[PDB]
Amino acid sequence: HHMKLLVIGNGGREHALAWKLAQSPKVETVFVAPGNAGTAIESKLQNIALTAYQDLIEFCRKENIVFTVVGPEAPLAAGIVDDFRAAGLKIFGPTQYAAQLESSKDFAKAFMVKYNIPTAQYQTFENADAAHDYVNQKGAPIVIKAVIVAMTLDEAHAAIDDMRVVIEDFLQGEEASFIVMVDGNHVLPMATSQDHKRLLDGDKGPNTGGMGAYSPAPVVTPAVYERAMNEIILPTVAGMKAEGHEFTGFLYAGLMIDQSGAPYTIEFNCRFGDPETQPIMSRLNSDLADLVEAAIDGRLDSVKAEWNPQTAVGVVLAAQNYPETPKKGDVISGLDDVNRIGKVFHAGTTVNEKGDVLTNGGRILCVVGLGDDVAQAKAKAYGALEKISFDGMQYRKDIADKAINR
């Protein structure tokens, strides 16, 4: 009762995590370091401007913080979890070593090859000699990156000559994000979701961190769920344990599901947790604070997650020129009248002295609507987004259409 918690980061995923933690009747305050304009506005959320880990450790001691949750990759790769734990504090997130699973594609591919985790065949190349030899051995389609998706050997050999080259198998099918909580040994899967990482309607334009996601993702049938757990998630958790560096925290698995229902791992990476986390948290009925505490305690097998059966659709509003260097500093209008239509999660927003909310990053907002089916959830999300405006804003109008047409 009256617990105080700490969330590290400033993105839309962190807004959603802090907001959901604050729903617990047992939580009084969730501090967010540094937070954004959305977390400043939320009830029970308090932004704190601390960044140094020893400062955050003393803050936890000063305020009697029960536990800390870490969102983004950078503090994880810097060892925030190691530091907190050496200071005796409770924290949900991977150690610096275990975070390599999400922060180094070399470490992850090598790990996955070792533990026989399905993923794209992958090899890096010195000079064109063995590179052309490899492409001739593997055949097309195949991906050449230094990013050409080569449909023929001619395209692959051409891409090699033009361009250290990275040659990766092309994964066919449909993308899904498979997010799980891990306590080092046990797993508690979050609801499935599907992101839209291309910038523009019709999956055109450049790649992005994700322009909108919905949950559940029907491409992940019970059969696909079982395969993903059996072939990817459970062996990865067991493998990190067997390597002597258990993974703790949210594991963000990007999957490509082929036409046979076979899941292949794209990578484990933050880009499969935002904006995926937002609609997922909008569906979680359970007390997230209790789930996180059980995970920190190594007892995730003692708790369960229960979900609103309604679908949640989240639509990202982004700034002009994203995913390139974004236009910054534009006043955002209309945040006050969304009311019961939906929920607005902030990512790149800040407030100025006069109190206006300003764009302050690439992705600005994620607007989440709930519905009894995916069609209704999509209508709710766009209905809630309708009166938000800022100059140069961009968003896709086709979020979740792959689940509606079908």
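We number the residues from 1 along the sequence you see.
**Q** Gap size between residue 163 and residue 164, counting deposited residues with no coordinates: none, 1 to 3, 4 to 9, or 10 or more?
**A** Per the deposited record, the segment joining residue 163 and residue 164 lacks coordinates for 10 or more residues.
**Q** How much of the deposited sequence is absent from the coordinates between residue 146 and residue 147: none, 1 to 3, 4 to 9, or 10 or more residues?
**A** According to the record, 4 to 9 deposited residues lack coordinates from residue 146 to residue 147.
**Q** May I ask you to compare 388-396 and 12-20 by their mean CA B factor in the entry and name the higher one?
**A** 388-396 has the higher mean C-alpha B-factor.
**Q** Averaging only over Cα atoms, indicate whether 289-297 or 118-126 has the higher B-factor in the PDB entry.
**A** If you average the C-alpha B-factors of 289-297 and of 118-126, the larger mean comes out for 118-126.
**Q** Return the residue from 66, 366, 374, 52 that has the highest Cα B-factor in the entry.
**A** In this record, 52 carries the highest C-alpha B-factor of the candidates.
**Q** Among 344, 33, 341, 27, which residue carries the highest C-alpha B-factor recorded in the PDB entry?
**A** When the deposited C-alpha B-factors of 344, 33, 341, 27 are compared, 341 is largest.
**Q** Considering every modelled residue of the chain and its Cα B-factor in the PDB entry, is residue 245 in the lowest, middle or highest third?
**A** Its C-alpha B-factor belongs to the middle third of this chain's values.
**Q** Would you check the entry's CA temperature factor for residue 329 and let me know if it's in the chain's lowest, middle or highest third?
**A** Residue 329: CA B-factor falls in the highest third of its chain.
**Q** Taking the C-alpha B-factors as the PDB entry records them, is residue 204 in the lowest, middle or highest third of its chain?
**A** It falls in the top third of the chain.
**Q** Could you tell me which third, lowest, middle or highest, the C-alpha B-factor of residue 96 occupies within its chain?
**A** As the PDB entry reports it, the C-alpha B-factor of residue 96 lands in the middle third of its chain.
**Q** How does the C-alpha B factor of residue 224 compare with the rest of the chain: lowest, middle or highest third?
**A** CA B-factor rank for residue 224: lowest third.
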